[PDB]
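Beneath this line is the structure, given in structure tokens, with notes to follow.
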Amino acid sequence: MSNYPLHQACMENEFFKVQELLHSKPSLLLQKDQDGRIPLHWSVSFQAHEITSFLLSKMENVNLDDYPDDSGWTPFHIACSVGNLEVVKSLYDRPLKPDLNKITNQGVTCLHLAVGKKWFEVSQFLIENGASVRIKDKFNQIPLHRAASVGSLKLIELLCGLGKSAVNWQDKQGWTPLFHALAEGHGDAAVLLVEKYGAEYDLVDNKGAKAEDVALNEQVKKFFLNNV
Amino acid sequence: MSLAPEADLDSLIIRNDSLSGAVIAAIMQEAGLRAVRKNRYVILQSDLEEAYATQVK
């Protein structure tokens, strides 16, 4: 089986080809390649709307959750990381909807994937249909850790605000969302935590440092204390 | 070569946010070969995590 054309067909977006390959051999619709991925996977990865939508029609009794690739990534996972609200809404509004909290091999939820990349719609959409804003991945990291890391106040005010997110949890390295949003130097972001969403800042990582000590550069640091 | 649209390299950096630019090169490179064997060009998360492992501590 070395080559899996149907999947390929999904990568290259040859809508017909696909519709033509399913015709010849039906057992392909739900076949898993050397990555544990089924067609739908790739048809979502590259955003093949027509192919996708179609592919689904014959997967309407198929639970997305039951199809995670070799990294626990589900066609709804790939969907959320990519950033297309449509494609996601597509995979969501169906008889059997996917678990918004199912994690991947390294335990990250679509909220992380979404937040990390900064997909406000996606992030928000999810939060609205459940999606725990508090799921720790194999690094004791929750979406806010991601949000602060990049530093989007926009998503910081969403997780912490609406999603009443916890803000003082520390990952493995022993870092609160604040350290992150300071090591990458997002002063304004850092302060928003402490200031608007009461984030403690006297804690120390698993080495003895506080958020101030693990800041990007002095320019950053100062702006912090000079405003906390 | 290139990263799969859904790849999540951020996750990889944000873990211990303190990696020498050289490991990044090694991590990134290893993840290239893993993707190579799977006879694919684009890189998946599988490759990266498996690269991060045999490349850090």
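Per deposition record, X-ray crystallography, 3.0 Å.
Backbone N, Cα and C define each Cβ position, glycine as well.
Database features (Swiss-Prot):
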{"type": "REPEAT", "residues": "A:1-30", "note": "repeat 'ANK 1'"}
{"type": "REPEAT", "residues": "A:35-64", "note": "repeat 'ANK 2'"}
{"type": "REPEAT", "residues": "A:71-100", "note": "repeat 'ANK 3'"}
{"type": "REPEAT", "residues": "A:106-135", "note": "repeat 'ANK 4'"}
{"type": "REPEAT", "residues": "A:139-168", "note": "repeat 'ANK 5'"}
{"type": "REPEAT", "residues": "A:173-203", "note": "repeat 'ANK 6'"}
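Distant neighbours of the repeat 'ANK 6' (A:173-203): 139, 142, 144-145, 147-153, 156-157, 160-161, 167, 209-212, 214-217, 220-221, 223-224, 227-228; these residues of the same chain sit at least 6 beyond its ends, with a Cβ under 8 Å from one of its Cβ atoms.
In terms of DSSP secondary structure, the repeat 'ANK 5' (A:139-168) contains 18 helix, 1 strand, 11 coil.
Under the criterion of 3 or more C-beta pairs below 8 Å, with sequence separation of 6 or more, the repeat 'ANK 3' (A:71-100) and the repeat 'ANK 2' (A:35-64) qualify as touching.
The helix, strand and coil residue counts that DSSP assigns across the repeat 'ANK 6' (A:173-203) are 17 helix, 0 strand, 14 coil. Look at the repeat 'ANK 4' (A:106-135): DSSP puts its residues at 17 helix, 0 strand, 13 coil.
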